[PDB]
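Engineer: Below are the structure tokens for one structure; questions will follow.
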Amino acid sequence: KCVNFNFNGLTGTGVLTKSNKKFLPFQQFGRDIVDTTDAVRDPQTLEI
Amino acid sequence: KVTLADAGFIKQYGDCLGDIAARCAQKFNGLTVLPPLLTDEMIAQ
Ligand SMILES: *[C@@H]1O[C@H](CO)[C@@H](O)[C@H](O)[C@H]1NC(C)=O
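Protein chains in written order, with PDB author numbering: chain A, 537 to 584; chain B, 825 to 847, 851 to 872.
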């Protein structure tokens, strides 16, 4: 659903869904082709 | 022979993907493309 969110200081508005991206253990944020954030690691569950 | 990259349609359901941006704003940054009034079939006619 479209919610506001704040993930460890990164804030914004959007719909959060299950990702099929595989982040390596040191990665916290992901970005798309245009250098805007498009995925996060949950600070508590570590799900992408 | 000609590949048209924009080819505007209803792409919000299309946009959701693993690599969401897939692109030329993907609509999200405020840039969209309107369809032509005459479709390719109408021009062919
Ligand atoms: C944070 O605490 C919760 C408590 O249930 C735990 O399940 C979770 O794994 C913890 N996360 C980290 C990163 O320690």
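Quick reminder that beta carbons are idealized off the backbone N, C-alpha and C, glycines included.
1) With a cut-off of 8 Å, does the C-beta of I569 (chain A) fall near any C-beta of chain B?
2) Go ahead and pull the three-state DSSP assignment for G838 (chain B).
3) Assuming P579 (chain A) and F541 (chain A) form a contact by the criterion Cβ under 8 Å, report the distance between their Cβ atoms to the nearest whole angstrom.
4) Note down, in chain order, every chain A residue with its Cβ under 8 Å from the Cβ of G842 (chain B).
5) Taking the beta carbon of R567 (chain A) as the centre, do at least 16 other beta carbons fall within 10 Å, making it buried, or is it exposed?
Structural biologist: To lay it out plainly:
1) Against the first sequence, residue 569 (chain A) aligns to sequence position 33. It does; some Cβ of chain B falls within 8 Å.
2) Reading the second sequence from its first residue, position 14 is the one you call residue 838 (chain B). DSSP places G838 (chain B) in helix when its eight states are reduced to three.
3) Counting from one through the first sequence, the residue named residue 579 (chain A) turns up at place 43. Counting from one through the first sequence, the residue named residue 541 (chain A) turns up at place 5. Wrong, their Cβ atoms sit about 11 Å apart, outside the cutoff.
4) Translated into the one-based positions of the second sequence, residue 842 (chain B) becomes position 18. Under the 8 Å cutoff, chain A gives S555, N556, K557.
5) Counted from its first residue, the first sequence places residue 567 (chain A) at position 31. Label assigned to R567 (chain A): exposed.
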